[PDB]
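The next block holds one structure in the form of structure tokens; read it before the comments.
Protein chains get the first letters and strands the later ones, always in sequence-line order, with residue 1 at the start of each.
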Amino acid sequence: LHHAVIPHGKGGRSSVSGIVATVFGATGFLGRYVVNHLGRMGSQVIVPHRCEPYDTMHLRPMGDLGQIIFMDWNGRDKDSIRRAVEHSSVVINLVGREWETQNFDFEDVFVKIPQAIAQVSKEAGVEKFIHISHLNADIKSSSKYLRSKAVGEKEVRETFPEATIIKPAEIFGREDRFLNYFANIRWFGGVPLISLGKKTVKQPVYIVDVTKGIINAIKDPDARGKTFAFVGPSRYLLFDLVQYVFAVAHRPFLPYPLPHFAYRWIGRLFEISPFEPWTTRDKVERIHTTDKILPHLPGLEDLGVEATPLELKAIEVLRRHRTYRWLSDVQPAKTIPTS
Amino acid sequence: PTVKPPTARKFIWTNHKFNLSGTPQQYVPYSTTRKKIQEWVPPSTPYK
Amino acid sequence: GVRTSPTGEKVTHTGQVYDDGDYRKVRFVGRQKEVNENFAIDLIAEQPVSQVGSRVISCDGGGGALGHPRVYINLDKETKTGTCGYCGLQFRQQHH
Amino acid sequence: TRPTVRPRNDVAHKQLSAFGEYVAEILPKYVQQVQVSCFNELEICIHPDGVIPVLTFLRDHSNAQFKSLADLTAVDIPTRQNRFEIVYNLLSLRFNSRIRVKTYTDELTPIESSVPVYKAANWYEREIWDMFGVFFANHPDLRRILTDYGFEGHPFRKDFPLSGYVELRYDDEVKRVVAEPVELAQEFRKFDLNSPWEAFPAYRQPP
Amino acid sequence: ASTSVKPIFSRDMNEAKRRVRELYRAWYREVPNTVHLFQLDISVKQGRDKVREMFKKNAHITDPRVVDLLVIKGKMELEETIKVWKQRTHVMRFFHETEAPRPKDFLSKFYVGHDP
Amino acid sequence: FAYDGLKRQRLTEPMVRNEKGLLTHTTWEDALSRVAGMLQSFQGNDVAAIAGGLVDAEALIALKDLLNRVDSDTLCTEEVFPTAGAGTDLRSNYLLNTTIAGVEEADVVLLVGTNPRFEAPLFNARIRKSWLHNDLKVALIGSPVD
Amino acid sequence: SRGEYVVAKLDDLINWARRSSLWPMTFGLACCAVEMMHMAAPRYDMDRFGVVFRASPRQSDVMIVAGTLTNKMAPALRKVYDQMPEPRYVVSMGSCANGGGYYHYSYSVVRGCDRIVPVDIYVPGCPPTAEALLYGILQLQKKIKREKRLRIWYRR
Amino acid sequence: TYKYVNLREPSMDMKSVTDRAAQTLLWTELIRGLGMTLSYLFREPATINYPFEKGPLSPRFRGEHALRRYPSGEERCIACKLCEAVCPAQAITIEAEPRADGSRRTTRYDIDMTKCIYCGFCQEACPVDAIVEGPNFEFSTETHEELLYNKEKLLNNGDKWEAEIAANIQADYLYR
Ligand SMILES: CCCCCCCCCCCCCCCCCC(=O)OC[C@H](COP(=O)([O-])OCC[N+](C)(C)C)OC(=O)CCCCCCCCCCCCCCCCC
Ligand SMILES: NC(=O)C1=CN([C@@H]2O[C@H](COP(=O)(O)OP(=O)(O)OC[C@H]3O[C@@H](n4cnc5c(N)ncnc54)[C@H](OP(=O)(O)O)[C@@H]3O)[C@@H](O)[C@H]2O)C=CC1
Ligand code: SF4
Ligand code: SF4
Ligand code: SF4
Ligand SMILES: [Zn+2]
């Protein structure tokens, strides 16, 4: 056969793991960690990128010589997609954008592009296909981000029936826009929370846990044609989680409620920025959307991954936001008991 | 070279190429040797 | 000489070429495969056999000290040509 | 005289032999063997207890005045019970001569520090501990000098692998340089160069 | 005659064990300072667990000279940490946070490769 | 000069039969699990084993122990040796008791149905050394080979 | 106009500014630093290309890793790289920094500074001549001249 | 024979004491140091106009590697592996086998230009002048992989620099 590369070595940087992975959207938050884990074990990683080559430099030290290969690709060009997957054995799709641009909207990035990748991958004979969706993907959702997530999730499952679909909650980490989002609001005095952040329940997950789930899903034959839900171990109220972030960051906490219609108005204001908007209408909808419970979907325990509590890994994320070095502790946040 | 031109030979490049690093014509390393151990190919017919 | 396998990839003078389903071909996407188009096995075959009139001849590759160590080539056999072990030049005896 | 052979200095060979006996008589309690090589170098082999006495005698005596410690190092010979061999190279400026003093130790036996005699031995003994693991007793400040902090092992020992056991790398997940077991994209090729024919019959060993 | 060997610091295991406990106390008192000074993300409990694991690795030794060297090396290791000669990377090399768990059982080692 | 056969026709992956009756590559988990299932179902005489001409002692004992734990004793070899009588109970019954180096001490050698020049080339060479130096008398019962 | 024209010219302006004012922070680690000092010497006078002799890390644009990078020094080289404001480039000078060089198989040597930091240009030699290093710097200017930061932003 | 560098007794007559007082107060010897830098401002600088001007080199210069041929086009290398044995950095990797015509030729010839210390021992060891270090020193790359040369790259360098490599060998082989 022309596959089964027969891994060699001891699992290190100069070893061979037999994984030839095309990671789409590898230059972002989640992709930064996926390439690192693939290159740590000695995988051949193809990285199609749309940005400047200068913005992929942080990926080069993640693999041995010749193990990370960079290509140009365009979301709407099938030929470029073909060139980057015709030799791979697994295709990972991490394309996404928390806002809409003048050229790409949520329909483009969460439906058309994932469907194009899935269709081309099927034609090229790619055995495995990992696609990332959201835990709160729903067609009856106020957020157009989460509506397009549901539409695209369904369209991948038909184009590529054997694809593995991962549905994570809000992922927290050093480069995340979830805990870092509830720390830069200090620039605007108090912390506006719809309903004072009492009607929303969040179950955030750790970036490394989500990364080890994807990697274990590649080597696990039972993940083909299976849908997962990566969630953290604890559930929190948006108020008691945002309070914890400020407590860890040692910043003053001045919450105050704001009606839903007014919170969207200010979100409408920040959307004028021709650069990365600080917040948007869709962002406000997702920050306050309660995280769905899907007991009928396998979690991180079925992939051999133990979820990391937000308490352990909050300090590393929020250290940079503190203003003193060697200040001198904070109490764990209140958690909603199960059942 | 005008006064003392170099010796001509058939294998010398007639066209000189400048440094090609960073371009599609860049050099890419690879192993120049063939596969060392051949693997058995099963029969293409049943047995029972 | 230079020939291309049934996938568009040139074959080196050592006979190296990636199979149709080898992932290692991805290194040449957007780039090129370096192959020397001056196969030496073919070029040395273009050299005419030298007709010499003695049983034993010496070859130093031409250039004296700029060549290769001086070897002596026996020419008794009349069924083949005495070839130089270093440079490949062939020699024959004058019909006896 | 042969243009290609190093000329022999027999006058200096006789002087160094005479002084070797001189030292062998004045310090019988420690001197174990004295010898002079064909290129006129004098070696005094001593019991390790005689480091401070012998070195102080050579530094202070009026017919020695070996007031400079040119070098202090160790050799690892695993086939000996006392694998390590401590070598002191001393220079006399009064008599324009050099003497070598050799002792021995093993992994667990310490050797008295010679910092009191020659203050130059401070760093030279930190390097012997760092690279060979010999411990020097009463050293004012003994600790690794050349190797990385927390480095495990003694690189210059004969059984320590050339490439070590760990290699460093930057990992973007933990945002720091990490240490991992060594893997080489190309292994160090080992060459067996020794010829199977004897070269120097003068140094042949009895069977 | 044969077993007569010059000691380093201790003349018997009782004297050696005294130095081991003194070193253990010095390390135990130091972990909170190391965690705060180096801004490590581990907890004091994790750090003190690591110290205990290191000491328990060498609990089968019955040679006073071998124990003295272990204590001598341990004292040097403590000095590099207290005086901040080490950096945050050197302290975090006792935890191996980036090495994937190597298999321990026969079947797991049988699949990956040939190493026993 | 036979080592180059260690580079051709090698088995490099586990293989099992598919739905069409052909052999396809698989993992060590799938192949061993498919073998353990059948081994557990059968027992006693239903499990047998044959050892080839290059098998090592470690593999021979391990296979025998595995087949013993299903109460099987049909551990066979390809090379016949008569079991009638003492059989393979006394080592002296199936060994070269004189040893290879003992031919140099022999003064008469009787070869029965064997061409040692090809079966044991380095044992035949030892016979010639005695034939050449010790004036050894050699007799053969069998086909007249050189 | 077309919009793409304004962005194309603005890229040239900022590309020209960045390659004409390359301020390097030199990590003189071993012999290769000497050949780096001969590029600052009168014959080649790197200062005449806009490349200042030396700059502090907080105002440096490119890091020249000139010499063997040992394990002991590796943490300190990453710390200086992390504190360089962006855009930041790294030039690996000499065999030791390129891939380990003469000391590739040593227990105390980082087999290439690209294990610790990204590298934009590799200058080969042991040491590279002062002119071969100046060719690398000039080859880094052309790399910066090909950047399309704004053209890519305009098409996001 | 020795000499003293700083063994002098300054004169203590009023003439000399007033000279040193004038130097201390009127900064005479500091202004003398300004005259030495003023002179340089009015000299021609030693800078050359690189890349339009290049620094002088000799025929012995050791630069980028190249594999050479005989005038007929046959490769000079006969896979003797002397360069691989002498290479102090172990930067040469060679594999060989009889060629289709029976000649002794290489199938792999790689120089890791990042292990190489550009020492020239390979061209000293070579008995047929196959492996040489050419005069090119301007082959810096944008990636670490472009500096792992294989036989095709080295034969391309030879066919690219033969006109200049042959001339340099002609000007130095009598010293070898
Ligand atoms: C009858 C009329 C009476 C009127 C009054 C008559 C006044 C007589 C003259 C007065 C004495 C002269 C005083 C001169 C100033 C004293 C300086 C001094 O203190 O020296 C001692 C000091 C110290 O000298 P020292 O290091 O040797 O120490 C002296 C004291 N001991 C030894 C005890 C420690 O020297 C310096 O000032 C160092 C000078 C460093 C400057 C380097 C740059 C010099 C470059 C030349 C610049 C030229 C400037 C021109 C500017 C023009 C602008 C328009
Ligand atoms: N981060 C979180 O909290 C959650 C993540 N997810 C999903 O995981 C995936 C990764 O998201 P994340 O990394 O965290 O966020 P990022 O925005 O940081 O990653 C976005 C990546 O996708 C690329 N991208 C966006 N649009 C395009 C486009 N038109 N064409 C090509 N590439 C494009 C980007 O390339 P470039 O930067 O070069 O423009 C970038 O590499 C997304 O699909 C996200 O919806 C789901 C649940 C929670
Ligand atoms: S590459 Fe050569 S010159 Fe540069 S540091 Fe290493 S040995 Fe020295
Ligand atoms: S120049 Fe020296 S180090 Fe480089 S390949 Fe030749 S022998 Fe090896
Ligand atoms: S390049 Fe020269 S020394 Fe090296 S293998 Fe070829 S002929 Fe021998
Ligand atoms: Zn010849």
Side-chain angles (χ1 to χ4, degrees), chain C residues 1-4 9-18 24-50 58-71 73 77 79-91, chain H residues 66-80 82 94-110 126-130 132 141-143 145-146 148-160 162 165-176:
Chain C
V2 187
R3 62 176 174 88
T4 300
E9 179 168 323
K10 288 133 65 179
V11 177
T12 60
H13 68 275
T14 58
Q16 189 278 350
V17 67
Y18 290 139
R24 289 181 294 183
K25 302 167 68 63
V26 68
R27 67 186 61 187
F28 304 131
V29 171
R31 276 126 67 179
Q32 65 99 40
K33 181 180 180 183
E34 190 106 346
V35 181
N36 195 254
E37 313 294 47
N38 285 321
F39 283 40
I41 183 169
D42 300 350
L43 293 178
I44 187 58
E46 302 176 7
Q47 290 296 303
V49 179
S50 180
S58 73
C59 184
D60 55 5
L66 288 180
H68 70 72
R70 187 201 303 148
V71 289
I73 306 174
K77 235 191 290 290
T79 181
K80 42 148 283 185
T81 62
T83 303
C84 188
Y86 285 94
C87 67
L89 296 184
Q90 299 179 78
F91 305 80
Chain H
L67 280 166
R68 304 179 61 236
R69 298 178 192 269
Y70 287 111
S72 70
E74 171 67 302
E75 301 162 30
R76 280 177 174 271
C77 179
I78 41 65
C80 80
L82 252 56
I94 300 173
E95 297 188 28
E97 73 191 0
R99 202 164 59 183
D101 59 3
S103 71
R104 184 190 175 109
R105 303 291 162 182
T106 53
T107 51
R108 172 190 295 274
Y109 197 102
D110 309 332
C126 189
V128 297
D129 312 12
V132 307
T141 58
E142 290 186 23
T143 54
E145 296 75 347
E146 293 170 43
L148 277 48
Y149 290 2
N150 64 22
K151 188 173 174 184
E152 306 296 345
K153 176 70 174 181
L154 290 166
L155 280 170
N156 279 1
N157 285 347
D159 304 337
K160 179 181 180 187
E162 178 60 17
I165 288 173
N168 285 325
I169 294 170
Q170 176 64 28
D172 202 63
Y173 78 98
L174 295 177
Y175 299 101
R176 299 175 179 172

Grab the two heavy atoms, one from [X] and one from [Y], that are nearest each other, plus how far apart they are.
X: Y70(H); Y: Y86(C); value: CE1-O, 3.9 Å
X: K153(H); Y: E34(C); value: CD-OE2, 4.0 Å
X: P69(C); Y: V128(H); value: CD-CG1, 3.9 Å
X: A65(C); Y: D129(H); value: O-OD2, 4.4 Å
X: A40(C); Y: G73(H); value: CB-O, 3.7 Å
X: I169(H); Y: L66(C); value: CG2-CD2, 3.4 Å

Where on [X] is there a heavy atom nearer than 4.5 Å to chain C: the side chain, the backbone, both, or neither?
X: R105(H); result: side chain
X: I78(H); result: side chain
X: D159(H); result: side chain
X: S103(H); result: neither
X: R69(H); result: side chain

Exercise. Rounded to the nearest 0.5 Å, what separation is found between the CG atom of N156(H) and the CD atom of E37(C)?
Worked result: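 Atom-to-atom, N156(H):CG and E37(C):CD are 8.0 Å apart.
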Exercise. Below 4.5 Å, heavy atoms only, C-beta onward: do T83(C) and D101(H) meet side chain to side chain?
Worked result: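 No, every pair of side-chain atoms sits at 4.5 Å or beyond.
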For this session: Indicate yes or no: at least one non-hydrogen side-chain atom of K151(H) is less than 4.5 angstrom from one of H13(C).
Result: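 Yes, their side chains come closer than 4.5 Å.
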Exercise. Is it the case that more than 12 heavy atoms not belonging to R176(H) sit under 6.0 Å from its CZ atom?
Worked result: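 It does: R176(H) CZ has more than 12 such atoms within range.
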For this session: Let me know if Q47(C) has heavy atoms under 4.5 Å from chain H in its side chain, its backbone, both or neither.
Result: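 Contact with chain H is through the side chain of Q47(C) alone.
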Problem set entry | Among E74(H), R99(H), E75(H), the one residue meeting side-chain contact (heavy atoms from CB on, under 4.5 Å) with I41(C) |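 The residue from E74(H), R99(H), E75(H) that satisfies side-chain contact (heavy atoms from CB on, under 4.5 Å) with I41(C) turns out to be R99(H).
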Problem set entry | Interface residue of largest heavy-atom contact number with chain C, from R104(H), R76(H), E97(H), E145(H), under 4.5 Å |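 Of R104(H), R76(H), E97(H), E145(H), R76(H) has the most heavy-atom pairs under 4.5 Å with chain C.
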Exercise. Which of the residues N36(C), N38(C), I44(C) is involved in the greatest number of heavy-atom pairs with chain H at under 4.5 angstrom?
Worked result: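 Most heavy-atom pairs under 4.5 Å with chain H: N36(C).
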